[PDB]
């Protein structure tokens, strides 16, 4: 990867729906070269794919909660818990964090009931779970994980 690639990625991370011609005219290089560079970035896994950015509000994903999970030490219990947490519907992010030493889980649902039935009641029964603490999001000031190049 060279500086040309960064300029390309810095544009695609925002809008992957530009024409090659428009991107070409912006970074000043042949469309054949641009097209070539994009293809290989994909091949080398720098670009893992293209997604449609859907507004969660539009799906009534109103009940947003960030949960901290403390796991029961022993083996084993740890990684095992990470994977059980990641397969719960509505959970889009699971992180093993230092600190505190436990898991941070990002999940979205339409209502309280849904959250309770799909997330809460389910996590309550997992064996390897010592204790959890939820932090309800009342306001999203920013959420742009797509922006990796500042």
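Residue numbers count along the first chain shown, from 1.
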**Q.** Higher-B stretch (mean Cα B-factor, as the entry records it), 77 to 85 or 100 to 108
**A.** 77 to 85
Q | Comparing 110 to 118 with 89 to 97, the one whose average Cα B-factor in the PDB entry is higher | A | 110 to 118
Q: Could you tell me which one of 123, 54, 69, 34 shows the highest CA temperature factor in the PDB record?
A: 34
Q) So among 132, 19, 135, 13, who wins on Cα B-factor in the entry? A) 19
Q. So where's residue 59 on the chain's Cα temperature factor ranking, which third?
A. highest
Q) When the modelled residues of the chain are sorted by Cα temperature factor, does residue 47 land in the lowest, middle or highest third? A) middle
(Q) Sorting by Cα B-factor within the chain, modelled residues only, which third would residue 38 end up in: lowest, middle or highest? (A) middle
